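Take a look at the letters that make up each chain.
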Amino acid sequence: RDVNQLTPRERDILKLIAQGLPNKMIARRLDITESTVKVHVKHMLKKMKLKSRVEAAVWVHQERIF
DNA sequence: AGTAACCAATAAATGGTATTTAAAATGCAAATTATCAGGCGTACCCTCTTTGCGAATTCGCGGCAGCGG
C-alpha cells in the first residue's frame, strides 16, 4: 500500500522518469542495460498496482504525498 | 470554424528465459554448566517362625491308584 518501503532515491529517479525521460537516456545515465531499466520500470508498474504512469503521477502530485 | 485512416513511428505494453547480489535468517553441532543414579559401610547383643487360617459344608463323575485273594 505504501510506496515509502521502496527507496526514496528510486522514487526521485521515477519522478524524473515521469518527467518525460526516455528509457535510452535512463540506461545511459544509470549505467545499466536497457533490459534492466525495463525490468525496473516493470517492477514499479506492478508494485504500485497501476496500469499506466499518468494516473499514478497525477495522484501523487494532487495530494503531494511525497 | 474542421474533415481522414493514410504509413512510419514511437518506445511502452507485457510475461517470460537467467549469473548475480550478500545480507539476513535459519538451521545446524559443539562447551558447559546442573543433578541424577550407584556403591560402600555401620562392631552390646539378638538364632526354625513366620504362616495359610478357607481360589472354603457343591456335587456328580471318572479313574488311577493301594490292599487282597
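Residues numbered from 1 in each chain as written, not as in the entry; some residues may be left out. Chains lettered and ligands numbered in written order. Part of a larger assembly, values for the part shown. Heavy atoms only, no water.

For the rest of this paragraph, the subject is the environment of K47. Here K47 is to be found in helix α3 (residues 34-47). The partly exposed category is assigned to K47, whose relative accessible area is 35%. It is 9.9 Å that separates the C-alpha atoms of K47 and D2, two residues lying 45 residues apart in sequence. (Helix = DSSP H or I, 4+ residues; strand = E, 2+ residues; numbered from the N terminus. Buried < 20%, exposed > 50% of the residue type's maximum accessible area, 1.4 Å probe, protein only.)

With that settled, the discussion passes to the pattern of salt bridges. Per the counting criterion, the structure on display carries one salt bridge. Residue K24 pairs with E34 through a salt bridge whose shortest N-O separation is 3.8 Å. With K24 in helix α2 (residues 23-30) and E34 in helix α3, the pair connects residues that are ten residues apart, well separated along the chain. On the basis of relative accessible area, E34 is assigned to the partly exposed category, the value being 40%. (Salt bridge = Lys/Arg side-chain N within 4 Å of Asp/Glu carboxyl O.)

The subject of this paragraph is the UniProt feature "DNA-binding region" in chain A. Under the present numbering, the feature "DNA-binding region" in UniProt falls on residues 23-42. The span residues 23-42 shows a helical share of 85% and a strand share of 0%, and its end C-alpha atoms are spaced 12 Å apart. (UniProt positions renumbered as here; feature names shortened; annotations may be inferred.)

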